[PDB]
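**Q** Structure file work.txt, compact mmCIF, C-alpha atoms, is pasted below:
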# COMPACT_ATOMS: atom_id res chain seq x y z
CA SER A 1 27.81 -6.86 14.21
CA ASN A 2 25.23 -5.01 12.13
CA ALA A 3 22.88 -6.64 14.67
CA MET A 4 24.96 -5.56 17.71
CA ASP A 5 25.34 -2.08 16.24
CA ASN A 6 21.52 -2.02 16.09
CA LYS A 7 21.12 -3.38 19.64
CA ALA A 8 23.43 -0.59 20.89
CA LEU A 9 21.05 2.07 19.37
CA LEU A 10 18.05 0.62 21.24
CA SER A 11 20.01 1.01 24.48
CA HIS A 12 19.78 4.81 24.11
CA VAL A 13 16.13 5.12 23.18
CA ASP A 14 13.02 4.63 25.37
CA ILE A 15 11.81 2.03 22.83
CA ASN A 16 11.45 -1.59 23.92
CA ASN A 17 9.71 -3.30 21.02
CA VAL A 18 9.11 -1.68 17.67
CA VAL A 19 5.63 -2.50 16.38
CA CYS A 20 4.95 -1.92 12.70
CA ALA A 21 1.42 -1.92 11.20
CA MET A 22 1.09 -3.25 7.65
CA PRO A 23 -1.42 -5.06 5.43
CA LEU A 24 -2.16 -8.73 5.74
CA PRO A 25 0.75 -10.36 4.00
CA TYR A 26 -1.29 -11.88 1.15
CA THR A 27 1.03 -11.27 -1.84
CA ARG A 28 4.66 -12.38 -2.40
CA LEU A 29 5.48 -8.67 -2.85
CA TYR A 30 4.00 -7.84 0.65
CA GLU A 31 5.99 -10.77 2.03
CA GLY A 32 9.27 -9.53 0.51
CA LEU A 33 8.66 -6.05 1.77
CA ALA A 34 7.75 -7.43 5.19
CA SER A 35 10.78 -9.72 5.23
CA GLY A 36 13.21 -7.09 3.85
CA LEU A 37 12.16 -4.44 6.36
CA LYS A 38 12.33 -6.73 9.43
CA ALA A 39 15.81 -7.87 8.30
CA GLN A 40 16.93 -4.24 8.62
CA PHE A 41 16.02 -4.47 12.32
CA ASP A 42 18.35 -7.32 13.27
CA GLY A 43 19.16 -7.01 16.95
CA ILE A 44 15.96 -5.09 17.75
CA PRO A 45 12.70 -6.66 18.89
CA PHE A 46 10.57 -5.93 15.83
CA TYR A 47 7.06 -7.17 15.12
CA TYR A 48 4.35 -6.76 12.55
CA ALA A 49 0.73 -6.07 13.39
CA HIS A 50 -1.18 -7.01 10.24
CA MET A 51 -4.21 -4.79 10.01
CA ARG A 52 -6.59 -4.41 7.04
CA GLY A 53 -7.17 -0.84 5.87
CA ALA A 54 -4.67 1.96 5.48
CA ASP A 55 -6.99 4.48 7.27
CA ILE A 56 -7.14 2.53 10.55
CA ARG A 57 -3.40 1.77 10.61
CA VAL A 58 -2.77 5.54 10.29
CA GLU A 59 -5.40 6.38 12.92
CA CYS A 60 -3.81 3.81 15.26
CA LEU A 61 -0.36 5.20 14.62
CA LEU A 62 -1.66 8.71 15.34
CA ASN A 63 -3.23 7.46 18.59
CA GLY A 64 0.11 6.02 19.71
CA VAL A 65 -0.74 2.36 19.18
CA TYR A 66 2.06 1.65 16.68
CA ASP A 67 5.56 3.13 16.23
CA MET A 68 5.25 2.95 12.44
CA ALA A 69 2.76 2.12 9.69
CA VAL A 70 3.19 0.87 6.12
CA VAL A 71 0.99 2.40 3.41
CA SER A 72 1.34 3.48 -0.22
CA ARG A 73 3.04 6.72 -1.15
CA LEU A 74 -0.21 7.90 -2.72
CA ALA A 75 -2.20 7.43 0.51
CA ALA A 76 0.67 8.84 2.57
CA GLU A 77 0.80 12.01 0.55
CA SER A 78 -2.91 12.57 1.37
CA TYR A 79 -2.64 11.57 5.02
CA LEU A 80 0.04 14.31 5.42
CA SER A 81 -2.45 17.10 4.29
CA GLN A 82 -4.87 15.89 6.89
CA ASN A 83 -2.68 14.83 9.84
CA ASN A 84 0.70 15.68 11.35
CA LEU A 85 2.80 12.79 10.09
CA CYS A 86 6.29 11.97 8.77
CA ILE A 87 7.13 9.97 5.66
CA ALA A 88 10.11 8.27 7.24
CA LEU A 89 11.14 5.83 4.52
CA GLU A 90 10.16 5.72 0.83
CA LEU A 91 10.95 2.59 -1.21
CA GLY A 92 10.21 3.63 -4.78
CA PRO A 93 7.72 2.26 -7.24
CA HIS A 94 6.67 -1.38 -7.50
CA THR A 95 7.55 -2.14 -3.84
CA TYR A 96 3.97 -2.34 -2.49
CA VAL A 97 1.39 -3.55 -5.10
CA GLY A 98 1.16 -4.09 -8.90
CA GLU A 99 -0.19 -1.53 -11.38
CA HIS A 100 -3.87 -0.72 -11.56
CA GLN A 101 -6.07 -0.47 -14.58
CA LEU A 102 -9.50 0.69 -15.64
CA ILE A 103 -11.79 -2.37 -16.09
CA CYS A 104 -15.07 -1.92 -18.02
CA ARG A 105 -17.23 -3.71 -20.59
CA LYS A 106 -15.56 -4.13 -24.04
CA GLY A 107 -15.16 -0.77 -25.84
CA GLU A 108 -17.28 1.11 -23.30
CA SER A 109 -14.51 3.09 -21.60
CA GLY A 110 -15.84 6.27 -23.22
CA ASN A 111 -19.32 5.66 -21.77
CA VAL A 112 -18.72 5.41 -18.01
CA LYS A 113 -21.35 6.76 -15.63
CA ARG A 114 -21.22 4.46 -12.60
CA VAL A 115 -18.01 3.30 -10.85
CA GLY A 116 -17.55 0.54 -8.28
CA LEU A 117 -15.52 1.56 -5.23
CA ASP A 118 -14.55 -0.31 -2.09
CA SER A 119 -14.84 1.84 1.07
CA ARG A 120 -12.04 -0.07 2.73
CA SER A 121 -9.53 0.83 -0.07
CA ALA A 122 -7.85 4.13 0.63
CA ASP A 123 -5.91 3.95 -2.68
CA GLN A 124 -8.90 2.95 -4.87
CA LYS A 125 -10.76 6.10 -3.59
CA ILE A 126 -7.89 8.44 -4.34
CA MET A 127 -7.28 6.88 -7.73
CA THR A 128 -11.00 6.94 -8.61
CA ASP A 129 -11.16 10.67 -7.68
CA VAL A 130 -7.95 11.43 -9.63
CA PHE A 131 -8.99 9.49 -12.79
CA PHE A 132 -12.65 10.64 -12.99
CA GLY A 133 -11.80 14.33 -12.41
CA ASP A 134 -14.55 16.93 -12.82
CA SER A 135 -16.81 14.30 -14.52
CA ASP A 136 -20.45 13.47 -13.52
CA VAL A 137 -19.71 9.83 -12.49
CA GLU A 138 -21.68 8.00 -9.73
CA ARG A 139 -19.64 6.05 -7.10
CA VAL A 140 -21.23 2.80 -5.89
CA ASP A 141 -19.96 1.07 -2.72
CA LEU A 142 -18.86 -2.33 -3.94
CA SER A 143 -16.05 -4.73 -3.45
CA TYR A 144 -14.19 -5.48 -6.76
CA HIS A 145 -15.89 -8.85 -6.58
CA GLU A 146 -19.29 -7.08 -6.59
CA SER A 147 -18.07 -4.42 -9.05
CA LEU A 148 -16.76 -7.00 -11.50
CA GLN A 149 -19.97 -8.98 -11.06
CA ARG A 150 -22.06 -5.85 -11.48
CA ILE A 151 -20.02 -4.66 -14.46
CA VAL A 152 -20.74 -8.08 -15.98
CA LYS A 153 -24.40 -7.52 -14.93
CA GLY A 154 -24.58 -4.11 -16.74
CA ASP A 155 -25.45 -1.87 -13.80
CA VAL A 156 -21.98 -0.53 -12.87
CA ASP A 157 -19.74 0.58 -15.68
CA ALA A 158 -16.18 0.44 -14.31
CA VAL A 159 -13.77 -0.21 -11.44
CA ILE A 160 -10.09 0.79 -11.02
CA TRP A 161 -8.37 -2.41 -9.96
CA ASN A 162 -5.19 -4.49 -10.03
CA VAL A 163 -4.37 -5.68 -13.58
CA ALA A 165 -5.35 -10.32 -17.13
CA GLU A 166 -5.80 -10.09 -20.94
CA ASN A 167 -7.62 -13.46 -21.17
CA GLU A 168 -10.08 -13.75 -18.26
CA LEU A 169 -11.33 -10.24 -19.04
CA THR A 170 -11.98 -11.04 -22.72
CA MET A 171 -13.97 -14.13 -21.65
CA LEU A 172 -16.22 -11.96 -19.53
CA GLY A 173 -16.53 -9.34 -22.28
CA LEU A 174 -14.44 -6.89 -20.28
CA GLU A 175 -11.41 -4.79 -21.10
CA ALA A 176 -8.57 -3.37 -18.96
CA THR A 177 -7.09 0.07 -19.68
CA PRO A 178 -3.71 1.14 -18.19
CA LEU A 179 -4.07 4.42 -16.27
CA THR A 180 -3.55 7.90 -17.80
CA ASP A 181 -0.15 9.40 -17.09
CA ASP A 182 -0.71 11.01 -13.75
CA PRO A 183 2.21 10.35 -11.42
CA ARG A 184 -0.18 9.45 -8.58
CA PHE A 185 -1.13 6.11 -10.05
CA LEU A 186 2.47 4.85 -9.75
CA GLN A 187 2.62 6.32 -6.23
CA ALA A 188 0.02 3.70 -5.41
CA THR A 189 2.67 0.96 -6.03
CA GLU A 190 5.28 2.56 -3.71
CA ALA A 191 5.67 1.39 -0.10
CA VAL A 192 6.39 4.03 2.50
CA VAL A 193 6.71 3.95 6.32
CA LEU A 194 4.96 6.67 8.36
CA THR A 195 5.68 7.68 11.91
CA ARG A 196 4.25 10.42 14.13
CA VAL A 197 5.72 13.77 13.12
CA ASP A 198 7.29 14.34 16.54
CA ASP A 199 8.63 10.80 17.05
CA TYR A 200 12.27 11.64 16.39
CA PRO A 201 13.54 8.46 18.18
CA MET A 202 11.61 6.24 15.75
CA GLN A 203 12.49 8.39 12.70
CA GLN A 204 16.20 8.41 13.58
CA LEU A 205 16.29 4.71 14.42
CA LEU A 206 14.80 3.88 10.98
CA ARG A 207 17.36 6.16 9.34
CA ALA A 208 20.14 4.41 11.34
CA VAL A 209 19.17 0.80 10.77
CA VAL A 210 17.71 0.73 7.24
CA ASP A 211 19.93 0.33 4.07
CA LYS A 212 17.36 1.11 1.31
CA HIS A 213 19.08 -0.92 -1.47
CA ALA A 214 19.65 -3.92 0.84
CA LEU A 215 15.98 -3.85 1.86
CA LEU A 216 15.04 -3.73 -1.79
CA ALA A 217 17.42 -6.56 -2.84
CA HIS A 218 16.01 -8.78 -0.08
CA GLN A 219 12.49 -7.99 -1.28
CA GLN A 220 13.66 -9.00 -4.82
CA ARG A 221 15.12 -12.32 -3.65
CA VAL A 222 11.87 -13.15 -1.83
CA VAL A 223 9.77 -12.29 -4.95
CA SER A 224 11.92 -14.41 -7.24
CA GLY A 225 11.64 -17.42 -4.90
CA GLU A 226 15.40 -17.43 -4.29
CA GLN A 227 14.74 -16.80 -0.61
CA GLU A 228 11.84 -17.54 1.79
CA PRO A 229 10.31 -14.63 3.75
CA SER A 230 10.64 -14.26 7.45
CA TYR A 231 8.25 -11.76 9.10
Represent the structure from my file as structure tokens, please.

**A**
Amino acid sequence: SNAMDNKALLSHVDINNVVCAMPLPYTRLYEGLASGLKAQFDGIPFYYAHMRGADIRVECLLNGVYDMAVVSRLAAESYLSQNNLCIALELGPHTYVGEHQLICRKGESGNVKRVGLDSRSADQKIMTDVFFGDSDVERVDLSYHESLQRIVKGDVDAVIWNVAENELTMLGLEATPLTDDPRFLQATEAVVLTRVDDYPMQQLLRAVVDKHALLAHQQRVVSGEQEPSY
């Protein structure tokens, strides 16, 4: 019904399949998002392309490879200054990833001069630039792995990363929740981008998606009540 109502919309658009680019589905939260969104497309051939890196998903989308791309609100807000894009769906906070924190050696948060930064992480770059402001802080190209390891070493002073009270203490580290700025929470919000002039895809998403239903399905996947299907 809902499905057949969806199938009927596809009949009037030059869209066969809908291909959505999103991260590799390596958290239960990503799975619930992936599962909740596809469920909104019942009756429409809908498939995920799982592609590491927000930048390349957006580049692909811009080049016409995908109909839509999933990224964080924080990234998306930047992409829109740089490219002609549409934020077609916004899911609110805590729909994409967990909170981030500032990880450094114990009590040395006031003494930060070098920061680890993964080149592949669009959000970590933005958040590092936002948090370290007009401060003389050196950025070092490191995976968190390498950053953590190097922070333990003593060379690199900090990394902004996903948030655990105990492991950190064992390594002589500390994690600080991030100062205030609305952008940090934007990092946890899933959004769907389309090309700015792709009205068929924008309008189809508006037609098919029930935001609260998508969210409740995500919730049921995260609680283990329901298994994901994506």

**Q** Could you check how far CA of residue 7 in chain A sits from CA of residue 200 in chain A, in Å to one decimal?

**A**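 Separation of CA of residue 7 in chain A and CA of residue 200 in chain A: 17.7 Å.
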
**Q** Tell me, as a short mmCIF file (atom, residue, chain, number, x, y, z; two decimals) with C-alpha atoms, in the frame of the given file, which residues lie within 9 Å of range 155-169 of chain A, counting only C-alpha atoms; anything in the same chain fewer than 2 positions away does not count.

**A**
data_model
loop_
_atom_site.label_atom_id
_atom_site.label_comp_id
_atom_site.auth_asym_id
_atom_site.auth_seq_id
_atom_site.Cartn_x
_atom_site.Cartn_y
_atom_site.Cartn_z
CA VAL A 97 1.39 -3.55 -5.10
CA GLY A 98 1.16 -4.09 -8.90
CA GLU A 99 -0.19 -1.53 -11.38
CA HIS A 100 -3.87 -0.72 -11.56
CA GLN A 101 -6.07 -0.47 -14.58
CA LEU A 102 -9.50 0.69 -15.64
CA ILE A 103 -11.79 -2.37 -16.09
CA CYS A 104 -15.07 -1.92 -18.02
CA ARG A 105 -17.23 -3.71 -20.59
CA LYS A 106 -15.56 -4.13 -24.04
CA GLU A 108 -17.28 1.11 -23.30
CA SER A 109 -14.51 3.09 -21.60
CA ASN A 111 -19.32 5.66 -21.77
CA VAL A 112 -18.72 5.41 -18.01
CA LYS A 113 -21.35 6.76 -15.63
CA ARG A 114 -21.22 4.46 -12.60
CA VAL A 115 -18.01 3.30 -10.85
CA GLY A 116 -17.55 0.54 -8.28
CA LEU A 117 -15.52 1.56 -5.23
CA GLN A 124 -8.90 2.95 -4.87
CA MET A 127 -7.28 6.88 -7.73
CA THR A 128 -11.00 6.94 -8.61
CA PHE A 131 -8.99 9.49 -12.79
CA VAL A 140 -21.23 2.80 -5.89
CA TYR A 144 -14.19 -5.48 -6.76
CA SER A 147 -18.07 -4.42 -9.05
CA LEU A 148 -16.76 -7.00 -11.50
CA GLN A 149 -19.97 -8.98 -11.06
CA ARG A 150 -22.06 -5.85 -11.48
CA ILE A 151 -20.02 -4.66 -14.46
CA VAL A 152 -20.74 -8.08 -15.98
CA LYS A 153 -24.40 -7.52 -14.93
CA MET A 171 -13.97 -14.13 -21.65
CA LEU A 172 -16.22 -11.96 -19.53
CA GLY A 173 -16.53 -9.34 -22.28
CA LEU A 174 -14.44 -6.89 -20.28
CA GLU A 175 -11.41 -4.79 -21.10
CA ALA A 176 -8.57 -3.37 -18.96
CA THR A 177 -7.09 0.07 -19.68
CA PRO A 178 -3.71 1.14 -18.19
CA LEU A 179 -4.07 4.42 -16.27
#

**Q** Given the choices A:204, A:95, A:35, A:170, which gets closest to residue 10 in chain A if the distance is worked out from only C-alpha atoms?

**A**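 Between A:204, A:95, A:35, A:170, the residue approaching residue 10 in chain A most closely is A:204.
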
**Q** Could you pull the residues within 12 Å of range 221-224 of chain A, counting all atoms listed in the file, minus those fewer than 5 positions along the same chain, as a ChimeraX atom specification?

**A** /A:27-37,94-96,214-216,229-231

**Q** Kindly export the residues of the current selection with C-alpha atoms, as a PDB file, in the coordinates of the input.

**A**
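To be explicit, this is the file written out as again-v9.pdb:
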ATOM      1  CA  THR A  27       1.030 -11.270  -1.840  1.00  0.00           C
ATOM      2  CA  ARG A  28       4.660 -12.380  -2.400  1.00  0.00           C
ATOM      3  CA  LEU A  29       5.480  -8.670  -2.850  1.00  0.00           C
ATOM      4  CA  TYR A  30       4.000  -7.840   0.650  1.00  0.00           C
ATOM      5  CA  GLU A  31       5.990 -10.770   2.030  1.00  0.00           C
ATOM      6  CA  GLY A  32       9.270  -9.530   0.510  1.00  0.00           C
ATOM      7  CA  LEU A  33       8.660  -6.050   1.770  1.00  0.00           C
ATOM      8  CA  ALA A  34       7.750  -7.430   5.190  1.00  0.00           C
ATOM      9  CA  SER A  35      10.780  -9.720   5.230  1.00  0.00           C
ATOM     10  CA  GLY A  36      13.210  -7.090   3.850  1.00  0.00           C
ATOM     11  CA  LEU A  37      12.160  -4.440   6.360  1.00  0.00           C
ATOM     12  CA  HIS A  94       6.670  -1.380  -7.500  1.00  0.00           C
ATOM     13  CA  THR A  95       7.550  -2.140  -3.840  1.00  0.00           C
ATOM     14  CA  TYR A  96       3.970  -2.340  -2.490  1.00  0.00           C
ATOM     15  CA  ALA A 214      19.650  -3.920   0.840  1.00  0.00           C
ATOM     16  CA  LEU A 215      15.980  -3.850   1.860  1.00  0.00           C
ATOM     17  CA  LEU A 216      15.040  -3.730  -1.790  1.00  0.00           C
ATOM     18  CA  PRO A 229      10.310 -14.630   3.750  1.00  0.00           C
ATOM     19  CA  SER A 230      10.640 -14.260   7.450  1.00  0.00           C
ATOM     20  CA  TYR A 231       8.250 -11.760   9.100  1.00  0.00           C
TER      21      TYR A 231
END

**Q** So how many Å separate CA of residue 121 in chain A and CA of residue 141 in chain A, to one decimal?

**A**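 Distance between the two atoms: 10.8 Å.
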